[PDB]
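In what follows, a single structure is set out as structure tokens and then discussed.
Just so you know, all these numbers are worked out from the coordinates, no wet-lab data involved. Methodologically, a virtual Cβ is constructed for each residue, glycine included, from the backbone with ideal geometry; neighbour enumeration extends over all protein chains shown.
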Amino acid sequence: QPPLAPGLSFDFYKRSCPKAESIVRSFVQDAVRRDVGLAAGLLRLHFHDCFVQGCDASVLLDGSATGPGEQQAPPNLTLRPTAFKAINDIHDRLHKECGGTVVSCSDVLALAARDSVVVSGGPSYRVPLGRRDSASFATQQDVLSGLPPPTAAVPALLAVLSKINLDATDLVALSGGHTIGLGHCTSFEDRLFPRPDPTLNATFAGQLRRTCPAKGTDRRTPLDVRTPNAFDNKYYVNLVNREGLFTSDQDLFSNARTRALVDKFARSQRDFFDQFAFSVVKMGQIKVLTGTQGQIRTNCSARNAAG
Ligand SMILES: *[C@@H]1O[C@H](CO)[C@@H](O[C@@H]2O[C@H](CO)[C@@H](O[C@@H]3O[C@H](CO)[C@@H](O)[C@H](O[C@H]4O[C@H](CO)[C@@H](O)[C@H](O)[C@@H]4O)[C@@H]3O[C@@H]3OC[C@@H](O)[C@H](O)[C@H]3O)[C@H](O)[C@H]2NC(C)=O)[C@H](O[C@@H]2O[C@@H](C)[C@@H](O)[C@@H](O)[C@@H]2O)[C@H]1NC(C)=O
Ligand code: HEM
Ligand SMILES: *[C@@H]1O[C@H](CO)[C@@H](O[C@@H]2O[C@H](CO)[C@@H](O)[C@H](O)[C@H]2NC(C)=O)[C@H](O[C@@H]2O[C@@H](C)[C@@H](O)[C@@H](O)[C@@H]2O)[C@H]1NC(C)=O
Ligand SMILES: O=C(O)Cc1c[nH]c2ccccc12
Ligand SMILES: [Ca+2]
Ligand code: NA
């Protein structure tokens with residue numbers, strides 16, 4: 001593992017709810033079997049939360065920008081509704097199984113993301129626990145400052161990541177999250193219209209134009225054209241074929257700082273999986289609340305209102 005943030009530990013709930021991790025995994029395994037895309041939704045939700053203020057469940061709050069109440073966001077800042085619901089359903093199950101409110105929503109996010117990776121065929125890894133839940137709503141400015149757009153090139157991505165102490169190795173490995181899940185036409189339409197972006201494989205560009213025949217097409221397509229739902233290194237095989245979906249994907253292969261790692265991971269899924277496991281655990285410790293800071297929410301969608 002990477003270093004543990006102060007206040008976090010492996011198996012934090014060993015005494016207070018030893019079954020907690022097992023309960024989350026069982027729920028995710030069943031839920032994803034019914035709704036395959038939920039795994040991508042849960043992984044994304046953990047990333048997104050971490051990049052918006054810190055890994056503190058701020059984005060779960062009804063009232064947070066990009067939260068479950070959000071009606072005034074663009075398609076690519078409108079997160080999958082089933083993933084918000086799954087976190088709450090898991091947290092409800094934990095209330096019953098733990099004998100009360102014990103496990104933070106922030107910890108559920110980190111666990112559910114790991115279980116999503118695993119059920120999709122990805123690597124298992126230990127998740128540090130002990131996070132606590134923010135009582136601050138995320139604002140639009142928090143979202144816009146924290147999250148790079150898919151139009152961003154590597155230097156801009158690295159600048160954002162450096163503020164949260166992630167480097168180019170983490171960028172390339174973590175971007176492999178796009179080995180599962182969906183993207184909206186509007187996140188990549190500028191690469192098609194008016195003319196095709198020269199960095200896009202021309203054969204793929206032709207296929208995407210059926211998928212998104214004009215700007216403003218309200219449709220989603222897999223991030224990974226090779227294996228949409230399997231967690232694997234095919235994301236990187238796409239890049240080396242110039243078939244990354246977003247600018248922020250394909251620039252990983254273009255840019256001198258990141259190209260070697262893209263090649264490495266396209267050639268070795270084991271190398272990708274090892275680095276992903278390290279980097280995603282690093283990501284999930286960004287600006288965490290620990291000790292008595294923050295709350296253990298009784299309802300992941302609301303701040304606790306009675307102490
Ligand atoms: C723009 O996108 C196109 C797809 O939309 C690319 O076309 C594809 O290119 C790939 C190679 O990159 C072709 O697949 C290969 O086909 C040959 C002949 O059948 C196989 O021998 C070869 O398998 C070997 O190499 C693999 C690594 O590349 C190894 O993993 C494998 O074990 C073998 O050692 C390979 O076959 C693929 O192997 C992996 C399997 O999972 C997969 O199912 C199998 O297909 C592919 O046939 C081709 N498809 C199309 C529709 O043309 C295109 O690539 C460029 O253009 C093509 C025509 C070829 O000249 C490529 O060599 C070339 O890179 C890409 N344009 C880019 C990359 O600029
Ligand atoms: C840091 C640079 C990143 C950028 C620019 C980026 C951008 C985006 C965009 C634009 C989408 C599609 C949204 C849409 O159009 O609806 C998305 C989806 C997704 N991203 Fe990222 N991403 C980044 C990093 C990450 C990381 C670090 C992970 C996880 C490790 C991740 C996992 C996902 C997943 C799984 C989806 C699909 C969600 C779904 O299907 O519900 N991304 N990404
Ligand atoms: C958990 O907190 C949520 C956020 O406060 C509650 O959701 C909401 O309830 C309000 C009605 O009291 C409503 O105005 C908001 O629109 C809504 N927000 C969202 C995103 O749904 C939620 O309460 C429940 O579920 C909603 C849909 C209603 O049926 C309520 O009567 C339910 O209590 C809270 N969940 C629980 C179990 O308390
Ligand atoms: O199809 C919808 O409207 C639900 C939705 C919102 N954002 C999403 C991201 C990925 C998959 C589905 C959705
Ligand atoms: Ca895949
Ligand atoms: Na957050």
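Using label points projected 7 Å from each Cα along Cα→Cβ, tell me how many nm separate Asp167 and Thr151, to one decimal.
Taking the two extended label points, one gets 3.1 nm.
Counting other beta carbons within 10 Å of each Cβ, put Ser22, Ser116, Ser187, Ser301 in order, fewest first.
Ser22, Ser301, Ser187, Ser116
Mind checking the dipole of the chain: about its Cα centre, +1 per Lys or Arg Cβ, -1 per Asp or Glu Cβ, Debye to the nearest 20?
It comes to approximately 320 debye.
Hey, which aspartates and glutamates would be in cross-link range of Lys234, C-alpha to C-alpha under 12 Å, not counting anything within fewer than 8 residues on its own chain?
In chain and number order, the partners are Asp224, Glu243, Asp263.
Given only helices, namely DSSP H runs of n ≥ 4 each adding -39500 (n - 2.57), what is the per-residue ellipticity at 222 nm of the chain, to the nearest 500 deg cm²/dmol?
Taking each H run of at least 4 residues, the total per residue is -13500 deg cm²/dmol.
Please name which of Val28, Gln141, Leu161 has its Cα lying farthest along the dipole of the chain towards the positive end, using unit charges on Cβ (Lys, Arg +1; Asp, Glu -1) and the Cα centre as origin.
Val28
Please find, in a Gaussian network model of the chain (springs between Cα atoms separated by less than 10 Å), the residue of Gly216, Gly183, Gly54 whose mean-square fluctuation is greatest.
With Cα springs under 10 Å in the chain, the top fluctuation among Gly216, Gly183, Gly54 is at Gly216.
Treat every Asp and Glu Cβ in the range 92-163 as -1 and every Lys and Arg Cβ as +1, leave all other atoms uncharged, and give the resulting dipole magnitude about the Cα centre to the nearest 20 debye. Don't skip to the answer; put the middle values down first.
Working: 7 positive and 6 negative charges, 34 e Å.
Once rounded to the nearest 20, the dipole reads 160 debye.
Taking +1 at the Cβ of each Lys and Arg and -1 at the Cβ of each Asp and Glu, which of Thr227, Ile90, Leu239 sits farthest along the dipole of the chain towards its positive end, judged by Cα position relative to the Cα centre?
My answer, from the dipole projection, is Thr227.
Which is farthest toward the positive dipole end of the chain among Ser9, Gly177, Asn299, measuring Cα position about the Cα centre, with Cβ charges +1 (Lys, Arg) and -1 (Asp, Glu)?
It is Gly177.
So if I take the centroid of the Cα atoms in the range 43-111 and the same for the range 1-41, what is the distance between those two points in Å?
13 Å
Spin-label point model (7 Å from Cα, Cβ direction): what's the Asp30 to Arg15 distance in nm?
If labels sit at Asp30 and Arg15, their model points lie 3.1 nm apart.
Figure the gain on full extension for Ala230 and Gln207 (residue separation times 0.36 nm, minus the Cα-Cα span) and round it to one decimal in nm.
Extra length from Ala230 to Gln207 when fully extended: 6.2 nm.
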